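> Structure provided below as structure tokens; questions to follow.
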Amino acid sequence: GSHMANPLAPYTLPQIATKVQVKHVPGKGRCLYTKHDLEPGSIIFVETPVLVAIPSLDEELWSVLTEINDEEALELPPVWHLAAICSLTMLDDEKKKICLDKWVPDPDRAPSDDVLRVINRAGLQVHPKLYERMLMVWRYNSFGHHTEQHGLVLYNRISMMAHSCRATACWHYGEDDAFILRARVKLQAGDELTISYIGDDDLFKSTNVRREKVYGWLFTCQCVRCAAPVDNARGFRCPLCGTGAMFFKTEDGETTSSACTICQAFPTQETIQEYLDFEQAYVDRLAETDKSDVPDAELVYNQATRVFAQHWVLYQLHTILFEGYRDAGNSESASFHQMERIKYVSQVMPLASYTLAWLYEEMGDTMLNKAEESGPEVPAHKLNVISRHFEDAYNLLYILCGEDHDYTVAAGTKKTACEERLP
Amino acid sequence: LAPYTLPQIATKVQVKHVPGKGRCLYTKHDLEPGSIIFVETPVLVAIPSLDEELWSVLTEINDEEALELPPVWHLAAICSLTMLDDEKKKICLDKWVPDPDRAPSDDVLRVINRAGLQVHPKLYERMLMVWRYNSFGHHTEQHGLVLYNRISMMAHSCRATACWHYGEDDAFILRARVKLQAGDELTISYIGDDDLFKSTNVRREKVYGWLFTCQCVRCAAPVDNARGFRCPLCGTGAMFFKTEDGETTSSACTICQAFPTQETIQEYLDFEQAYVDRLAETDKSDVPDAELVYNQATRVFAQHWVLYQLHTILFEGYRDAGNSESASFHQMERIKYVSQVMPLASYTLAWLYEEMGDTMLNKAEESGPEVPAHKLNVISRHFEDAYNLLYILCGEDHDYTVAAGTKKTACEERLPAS
Ligand SMILES: [Zn+2]
Ligand SMILES: [Zn+2]
Ligand SMILES: [Zn+2]
Ligand SMILES: [Zn+2]
């Protein structure tokens, strides 16, 4: 008999914890649905912030916080703490309960070292437990300010939208930090409205990376992109045929591959591990590669083409090279790399994005420059082609930020100028 | 309950013929891409030099009264009944035909009477069908056909697992186009490469003669990504049309995910037919006209074989005129299209990569013979891709493969020391 007690005896809470695992609801805790039919680009609603935490909101407290930070660095930068404290002191009791009951990864978290130190050093009256609660509500529910670099903004209804790597809704800031929410796609009444918790600088990357970016909200993303059978953002050059793409995919810590697009062969697990090592090596190299040294980026790109076929690392190298060539006035190769960028993004992330729209616009710029090196009279055909790209940019920006937005009117301006120069 | 007559039965049910060419073929071994599966000699090579007297006769009866099938088919059929031993004459007569019971055509009885041959009409007729539905065009000779025994046992696929090319003495060299395991089916395209990159409706039209509606992996795919129109709502995404049982539906737009109405679908089908008609009057000898048609076509199409055809016309026109700048753009669009709709190894794709290499090398050389390393490497990549595909299609030592690899190694030789 190896029983230490009767197995039917009631457990203690620690003993229960040994057997089972509670999972708290994925951030940000709620789903939001449209009540009506929406056409692409139409406004769903516009929301004013609960609070805009700016140094300008309380610079007394700001100087104090920055000086506390300079003496002993604090885990979250000062802005998060100005936001939290001003959320506990500046709003009404109701506004307060609106932010305290938003989603948080650790509801019962004890006050951190940082929190108690701020309370004692700045001598404030707010409860440490609520101070902690609020620092995480803004860590996991706010948006970065549009212009001011140490600024953040919280909204109430916006936090109700679940995450998706292929979001149904897009957004942009209005004039007084208004949050303008638009339909990114055609929607029917009752459809879910989702936004990307992850920035556009990572949305074009592969499933493993995006999942790493949203793990903080304590879920493994299973959105339509993230759960797709083929991760077409993670393609390696097949070593058998030398030209097709094999797309890798990681689930439960194990990586598998699609069959090569051309020769239909599957790589062995040993080849998969080999190319995962290559992948990590080039991810590391990307941090040392940039547009101020184009020869170096050319070296890295040449080496990377042997490893990658339609991969976000290769897209990043195309980006570096395009910006380097564009800055140097070399429209010829900038053109090639920009066309590869358009190919990649339209395969991997086809819905309207600022990245794609400005890919089309900047392709228009590059083509127009290259053409104008032959003289101002650019032939009709070329003009039309250039115009098409500008138009595409317009068409996407129209959906993302509206007819009269500065981006949209810029793209449309270039388009109509192109038409103006037509015979 | 009284028995039906045969016409009464035919009113109620529809019989499905064994689809041409009647058989399936499977590999007994694992195959690497590009490996030779086997090489087969022809049962017969029908060319004028096979029987010049018969040929001259044939010609003159054709010029008096035109034959429905050109003379070479009759040369093939007759010579199959006259010149082959009994063993091989039976292998030909055993081959798939659409109409086993078909009475002698009037062309057949005429040729029998005016050439004065002793062959049985009904066999003659049947042999015709055999050669029309089982033979290949000769590599060199116009008015030439070739018929093989084992090759005819491969079923058709628009995404074939096997590829082929002619060797010396009209040998049929069959290679694996993809990696295959023992027991996998060997298929070839009954459709020429001039149609393989087109949409499912068109390919099915091209194989209807073998009496089946193609349901290969491409034709049965939920989305026909060779038939993509420009979404009228968003102005930028693609909506892919699909036709089944005479009715056309559309995928949601790739960008705004709206579905077109049946009205919009019919409108864009009318546009599609109009541009298919215009293609017959559009070609590379009038580049301005093709530019007009392309400019109007971009408003209708997003990723469509008609747009690919216009890209092809413009690429060849600009290439012939030495305009590497515009040819570059259109060739890139061609590569995009083909690699999306027809990604497996093909001569079309391989030579798309090779000619992209040519165009970029020309364009670069307009700046001087010393082409920078980067550009060279990119150019080399294209050449290498061409090589890689032709290696699979026709072997390492084939003239095509050697040509692509030659351009590639030349590119590498021009690279600076550092
Ligand atoms: Zn996801
Ligand atoms: Zn491969
Ligand atoms: Zn098919
Ligand atoms: Zn659309």
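By order of appearance in the structure tokens: chains A, B, ..., then residues from 1 within every chain, and ligands from 1 in the order shown.
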Just want the 9 Å neighbourhood of residue 231 of chain B, counted on only C-alpha atoms, with same-chain residues fewer than 5 positions away dropped. Output as a list in words.

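Close residues of residue 231 of chain B: residues 236, 237, 238, 239, 253, 254, 255, 256, 258, 259, 260, 300, 301 and 302 of chain B.
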
> Write to file, as a compact mmCIF listing (two decimals), in the first residue's frame, the residues of the selection just made, with N, CA and C atoms.


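As a result, again_39.txt now contains:
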# COMPACT_ATOMS: atom_id res chain seq x y z
N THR B 236 -8.63 46.14 -56.81
CA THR B 236 -7.26 45.64 -56.78
C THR B 236 -7.15 44.13 -56.60
N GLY B 237 -8.04 43.48 -55.84
CA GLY B 237 -7.95 42.05 -55.63
C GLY B 237 -8.43 41.23 -56.81
N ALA B 238 -8.34 39.91 -56.65
CA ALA B 238 -8.72 38.97 -57.69
C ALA B 238 -9.88 38.10 -57.22
N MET B 239 -10.84 37.89 -58.12
CA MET B 239 -11.91 36.93 -57.90
C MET B 239 -11.79 35.86 -58.98
N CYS B 253 -13.12 37.75 -53.21
CA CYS B 253 -11.97 38.55 -53.61
C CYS B 253 -10.81 38.33 -52.65
N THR B 254 -9.60 38.22 -53.21
CA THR B 254 -8.43 37.95 -52.40
C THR B 254 -8.16 39.05 -51.38
N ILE B 255 -8.64 40.27 -51.62
CA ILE B 255 -8.32 41.42 -50.78
C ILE B 255 -9.50 41.85 -49.92
N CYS B 256 -10.64 42.14 -50.55
CA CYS B 256 -11.80 42.59 -49.79
C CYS B 256 -12.78 41.46 -49.47
N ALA B 258 -15.21 40.13 -50.87
CA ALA B 258 -16.58 40.16 -51.34
C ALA B 258 -16.77 39.14 -52.47
N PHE B 259 -17.99 38.61 -52.55
CA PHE B 259 -18.42 37.76 -53.66
C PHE B 259 -19.14 38.60 -54.71
N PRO B 260 -18.85 38.40 -56.00
CA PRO B 260 -19.64 39.09 -57.02
C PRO B 260 -21.02 38.46 -57.16
N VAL B 300 -10.13 44.49 -66.35
CA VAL B 300 -10.98 43.30 -66.27
C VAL B 300 -10.29 42.16 -65.53
N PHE B 301 -9.01 41.92 -65.83
CA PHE B 301 -8.30 40.75 -65.35
C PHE B 301 -7.32 41.12 -64.24
N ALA B 302 -7.11 40.17 -63.33
CA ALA B 302 -6.11 40.30 -62.28
C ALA B 302 -5.05 39.22 -62.36

> Need to verify the contact set: residue 328 of chain B, 12 Å, only C-alpha atoms, exclusion of same-chain residues closer than 4 positions in sequence. Can you return it as a ChimeraX atom specification?

/A:332-333,335-336,339,367 /B:311-312,314-319,322-324,332-335,352-353,355-364

> Would you mind exporting the chosen residues as a compact mmCIF listing (two decimals), in the first residue's frame, restricted to C-alpha atoms?


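Writing the result to selection27.txt gives the following:
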# COMPACT_ATOMS: atom_id res chain seq x y z
CA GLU A 332 17.22 49.77 -61.94
CA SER A 333 17.86 47.22 -59.14
CA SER A 335 12.83 48.01 -59.24
CA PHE A 336 13.66 44.28 -59.17
CA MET A 339 8.75 43.70 -57.44
CA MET A 367 9.28 53.10 -62.36
CA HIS B 311 2.14 39.85 -71.25
CA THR B 312 3.66 37.28 -73.62
CA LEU B 314 4.31 42.45 -75.18
CA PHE B 315 7.43 40.67 -73.90
CA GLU B 316 8.22 39.22 -77.32
CA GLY B 317 7.50 42.54 -79.04
CA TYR B 318 9.71 44.54 -76.67
CA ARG B 319 12.45 41.89 -76.72
CA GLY B 322 15.49 45.75 -78.00
CA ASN B 323 13.40 47.47 -75.30
CA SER B 324 14.75 45.58 -72.29
CA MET B 332 8.37 39.27 -64.42
CA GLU B 333 4.56 39.24 -64.58
CA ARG B 334 4.73 36.10 -66.74
CA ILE B 335 6.92 34.34 -64.16
CA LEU B 352 10.73 32.13 -68.67
CA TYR B 353 13.62 32.06 -66.21
CA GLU B 355 14.77 34.67 -71.00
CA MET B 356 14.45 36.78 -67.86
CA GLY B 357 18.17 36.15 -67.48
CA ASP B 358 18.77 37.27 -71.08
CA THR B 359 16.67 40.42 -70.67
CA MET B 360 18.30 41.52 -67.41
CA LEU B 361 21.78 40.81 -68.79
CA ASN B 362 21.04 42.94 -71.88
CA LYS B 363 19.58 45.73 -69.76
CA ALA B 364 22.65 45.64 -67.45

> Distance limit 9 Å, atoms considered: only C-alpha atoms. Which chain B residues sit that close to chain A? Return them as a PyMOL selection string.

chain B and resi 32-33+177-180+233-237+254-259+288+291-292+295+298+325-326+329+332+336+343-345+364+373-375+377-378+381+384-386+388-389+391-392

> Taking the DSSP secondary structure from the backbone, can you list the residues of segment 158-371 of chain A that are strand (DSSP E), as a ChimeraX atom specification?

/A:169-173,179-183,192-193,234-237,245-251,254-257,308-311

> Using only C-alpha atoms and all ligand atoms, find each protein or nucleic acid residue lying at most 8 Å from ligand 1; present the set as a PDB file with N, CA and C atoms, in the first residue's frame.


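Result went into selection.pdb, see below:
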ATOM      1  N   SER A 164      -6.367  38.777 -34.414  1.00  0.00           N
ATOM      2  CA  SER A 164      -6.210  37.910 -35.571  1.00  0.00           C
ATOM      3  C   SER A 164      -5.030  38.409 -36.390  1.00  0.00           C
ATOM      4  N   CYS A 165      -4.240  37.470 -36.913  1.00  0.00           N
ATOM      5  CA  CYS A 165      -3.186  37.831 -37.850  1.00  0.00           C
ATOM      6  C   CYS A 165      -3.743  38.189 -39.224  1.00  0.00           C
ATOM      7  N   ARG A 166      -5.030  37.906 -39.471  1.00  0.00           N
ATOM      8  CA  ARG A 166      -5.755  38.349 -40.664  1.00  0.00           C
ATOM      9  C   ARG A 166      -7.015  39.081 -40.188  1.00  0.00           C
ATOM     10  N   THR A 207       4.503  32.097 -39.112  1.00  0.00           N
ATOM     11  CA  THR A 207       3.580  31.777 -38.027  1.00  0.00           C
ATOM     12  C   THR A 207       4.293  31.689 -36.682  1.00  0.00           C
ATOM     13  N   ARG A 210       4.940  35.375 -35.438  1.00  0.00           N
ATOM     14  CA  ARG A 210       3.718  36.037 -34.985  1.00  0.00           C
ATOM     15  C   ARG A 210       3.243  35.457 -33.660  1.00  0.00           C
ATOM     16  N   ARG A 211       3.273  34.128 -33.540  1.00  0.00           N
ATOM     17  CA  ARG A 211       2.878  33.491 -32.290  1.00  0.00           C
ATOM     18  C   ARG A 211       3.772  33.937 -31.139  1.00  0.00           C
ATOM     19  N   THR A 220      -1.757  30.580 -27.796  1.00  0.00           N
ATOM     20  CA  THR A 220      -1.094  30.212 -29.041  1.00  0.00           C
ATOM     21  C   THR A 220      -2.070  30.514 -30.170  1.00  0.00           C
ATOM     22  N   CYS A 221      -1.729  31.491 -31.008  1.00  0.00           N
ATOM     23  CA  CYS A 221      -2.677  31.968 -32.007  1.00  0.00           C
ATOM     24  C   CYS A 221      -3.085  30.838 -32.942  1.00  0.00           C
ATOM     25  N   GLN A 222      -4.391  30.729 -33.180  1.00  0.00           N
ATOM     26  CA  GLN A 222      -4.950  29.767 -34.118  1.00  0.00           C
ATOM     27  C   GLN A 222      -5.848  30.462 -35.133  1.00  0.00           C
ATOM     28  N   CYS A 223      -5.513  31.703 -35.479  1.00  0.00           N
ATOM     29  CA  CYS A 223      -6.249  32.435 -36.496  1.00  0.00           C
ATOM     30  C   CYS A 223      -6.094  31.746 -37.853  1.00  0.00           C
ATOM     31  N   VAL A 224      -6.813  32.271 -38.848  1.00  0.00           N
ATOM     32  CA  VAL A 224      -6.880  31.619 -40.154  1.00  0.00           C
ATOM     33  C   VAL A 224      -5.492  31.488 -40.770  1.00  0.00           C
ATOM     34  N   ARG A 225      -4.654  32.515 -40.615  1.00  0.00           N
ATOM     35  CA  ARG A 225      -3.280  32.424 -41.103  1.00  0.00           C
ATOM     36  C   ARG A 225      -2.462  31.466 -40.250  1.00  0.00           C
ATOM     37  N   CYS A 226      -2.575  31.604 -38.930  1.00  0.00           N
ATOM     38  CA  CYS A 226      -1.707  30.877 -38.019  1.00  0.00           C
ATOM     39  C   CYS A 226      -2.031  29.382 -38.006  1.00  0.00           C
ATOM     40  N   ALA A 227      -3.275  29.011 -38.319  1.00  0.00           N
ATOM     41  CA  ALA A 227      -3.697  27.615 -38.371  1.00  0.00           C
ATOM     42  C   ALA A 227      -3.693  27.031 -39.781  1.00  0.00           C
TER      43      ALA A 227
END

> Could you list, as a ChimeraX atom specification, every residue within 10 Å of residue 183 of chain B, counting only C-alpha atoms and ignoring same-chain residues fewer than 6 positions away?

/B:25-30

> Can you spit out the residues from that selection as a PDB file, in the first residue's frame, using C-alpha atoms?


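Final output, saved to result_36.pdb:
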ATOM      1  CA  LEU B  25       0.352   3.216 -65.813  1.00  0.00           C
ATOM      2  CA  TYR B  26       2.208   2.963 -62.504  1.00  0.00           C
ATOM      3  CA  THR B  27       5.882   2.978 -61.584  1.00  0.00           C
ATOM      4  CA  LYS B  28       7.200  -0.157 -59.903  1.00  0.00           C
ATOM      5  CA  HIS B  29      10.112   1.758 -58.300  1.00  0.00           C
ATOM      6  CA  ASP B  30      10.888   4.933 -56.407  1.00  0.00           C
TER       7      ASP B  30
END

> For a quick check of understanding, using only C-alpha atoms and all ligand atoms, which of B:34, B:168, B:108, B:415 has the smallest distance to ligand 2?

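Using only C-alpha atoms and all ligand atoms, ligand 2 sits closest to B:34.
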
> Let me have all residues with an atom within 12 Å of ligand 3, counting only C-alpha atoms and all ligand atoms, laid out as number ranges by chain.

B: 155-160, 187-191, 195-208, 212-221, 224, 342

> Just write the chosen residues, N, CA and C atoms, as a tab-separated table (two decimals), in the first residue's frame.


chain	number	residue	atom	x	y	z
B	155	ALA	N	-2.60	7.63	-68.40
B	155	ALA	CA	-3.75	8.52	-68.36
B	155	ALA	C	-3.31	9.97	-68.42
B	156	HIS	N	-4.25	10.85	-68.76
B	156	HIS	CA	-3.96	12.27	-68.84
B	156	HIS	C	-4.06	12.92	-67.46
B	157	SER	N	-3.25	13.96	-67.27
B	157	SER	CA	-3.41	14.87	-66.15
B	157	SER	C	-2.93	16.25	-66.57
B	158	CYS	N	-3.64	17.29	-66.13
B	158	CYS	CA	-3.16	18.65	-66.31
B	158	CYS	C	-2.00	18.98	-65.38
B	159	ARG	N	-1.72	18.10	-64.41
B	159	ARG	CA	-0.55	18.20	-63.54
B	159	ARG	C	0.17	16.85	-63.60
B	160	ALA	N	0.78	16.58	-64.75
B	160	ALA	CA	1.37	15.27	-65.00
B	160	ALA	C	2.53	14.99	-64.05
B	187	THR	N	1.42	9.86	-65.18
B	187	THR	CA	0.52	10.57	-66.07
B	187	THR	C	1.31	11.53	-66.96
B	188	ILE	N	0.76	11.80	-68.14
B	188	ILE	CA	1.29	12.82	-69.04
B	188	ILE	C	0.13	13.72	-69.45
B	189	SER	N	0.48	14.88	-69.99
B	189	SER	CA	-0.51	15.82	-70.49
B	189	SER	C	-0.86	15.46	-71.93
B	190	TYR	N	-2.13	15.12	-72.18
B	190	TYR	CA	-2.61	15.03	-73.55
B	190	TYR	C	-2.71	16.40	-74.21
B	191	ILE	N	-2.58	17.47	-73.42
B	191	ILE	CA	-2.74	18.84	-73.88
B	191	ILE	C	-1.37	19.43	-74.15
B	195	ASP	N	-1.60	25.33	-74.16
B	195	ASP	CA	-2.87	25.41	-73.45
B	195	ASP	C	-2.77	25.03	-71.98
B	196	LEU	N	-1.65	24.46	-71.53
B	196	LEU	CA	-1.57	23.94	-70.17
B	196	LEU	C	-1.69	25.04	-69.12
B	197	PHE	N	-1.27	26.26	-69.46
B	197	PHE	CA	-1.27	27.35	-68.48
B	197	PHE	C	-2.60	28.08	-68.43
B	198	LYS	N	-3.56	27.63	-69.23
B	198	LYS	CA	-4.86	28.28	-69.30
B	198	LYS	C	-5.81	27.71	-68.24
B	199	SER	N	-7.03	28.25	-68.18
B	199	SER	CA	-7.96	27.91	-67.11
B	199	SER	C	-8.64	26.55	-67.31
B	200	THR	N	-9.35	26.11	-66.28
B	200	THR	CA	-9.89	24.76	-66.25
B	200	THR	C	-10.91	24.52	-67.36
B	201	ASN	N	-11.77	25.51	-67.62
B	201	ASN	CA	-12.74	25.37	-68.71
B	201	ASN	C	-12.03	25.12	-70.04
B	202	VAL	N	-10.93	25.83	-70.30
B	202	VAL	CA	-10.23	25.70	-71.57
B	202	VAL	C	-9.55	24.34	-71.67
B	203	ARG	N	-8.86	23.92	-70.61
B	203	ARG	CA	-8.17	22.63	-70.64
B	203	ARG	C	-9.17	21.49	-70.84
B	204	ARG	N	-10.29	21.54	-70.12
B	204	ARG	CA	-11.35	20.55	-70.31
B	204	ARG	C	-11.84	20.55	-71.76
B	205	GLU	N	-12.02	21.73	-72.35
B	205	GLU	CA	-12.36	21.82	-73.77
B	205	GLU	C	-11.34	21.07	-74.61
B	206	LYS	N	-10.06	21.25	-74.29
B	206	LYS	CA	-9.00	20.60	-75.04
B	206	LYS	C	-8.91	19.05	-74.85
B	207	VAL	N	-9.42	18.50	-73.75
B	207	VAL	CA	-9.41	17.04	-73.61
B	207	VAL	C	-10.77	16.37	-73.85
B	208	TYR	N	-11.80	17.16	-74.17
B	208	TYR	CA	-13.13	16.59	-74.40
B	208	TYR	C	-13.11	15.46	-75.43
B	212	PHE	N	-13.94	12.53	-71.77
B	212	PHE	CA	-14.07	12.67	-70.33
B	212	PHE	C	-13.97	14.14	-69.97
B	213	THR	N	-14.63	14.50	-68.87
B	213	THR	CA	-14.45	15.81	-68.25
B	213	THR	C	-13.33	15.67	-67.22
B	214	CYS	N	-12.23	16.39	-67.44
B	214	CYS	CA	-11.05	16.20	-66.61
B	214	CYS	C	-11.35	16.55	-65.16
B	215	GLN	N	-10.95	15.66	-64.26
B	215	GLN	CA	-11.07	15.84	-62.82
B	215	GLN	C	-9.72	15.66	-62.14
B	216	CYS	N	-8.64	16.01	-62.84
B	216	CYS	CA	-7.30	15.94	-62.26
B	216	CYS	C	-7.19	16.93	-61.11
B	217	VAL	N	-6.04	16.92	-60.42
B	217	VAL	CA	-5.89	17.73	-59.22
B	217	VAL	C	-6.06	19.22	-59.53
B	218	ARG	N	-5.69	19.64	-60.74
B	218	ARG	CA	-5.87	21.04	-61.11
B	218	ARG	C	-7.32	21.35	-61.47
B	219	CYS	N	-7.94	20.49	-62.29
B	219	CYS	CA	-9.30	20.77	-62.74
B	219	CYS	C	-10.30	20.66	-61.60
B	220	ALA	N	-10.08	19.76	-60.65
B	220	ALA	CA	-10.99	19.59	-59.53
B	220	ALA	C	-10.67	20.51	-58.36
B	221	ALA	N	-9.66	21.36	-58.48
B	221	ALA	CA	-9.31	22.26	-57.39
B	221	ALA	C	-10.47	23.22	-57.10
B	224	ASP	N	-9.84	28.01	-59.26
B	224	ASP	CA	-9.09	28.05	-60.51
B	224	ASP	C	-8.35	29.37	-60.54
B	342	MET	N	0.89	27.09	-62.53
B	342	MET	CA	1.49	25.88	-63.09
B	342	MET	C	2.90	25.74	-62.54

> How would you write, as number ranges by chain, the set of residues in segment 66-264 of chain B that DSSP gives as helix (DSSP H, G or I)?

B: 71-83, 86-93, 106-115, 121-134, 150-153, 168-170, 193-196, 200-210, 262-264

> Go ahead and compute the interatomic distance for atom CA of residue 250 of chain A and atom CA of residue 269 of chain A, in Å to one decimal.

12.5 Å
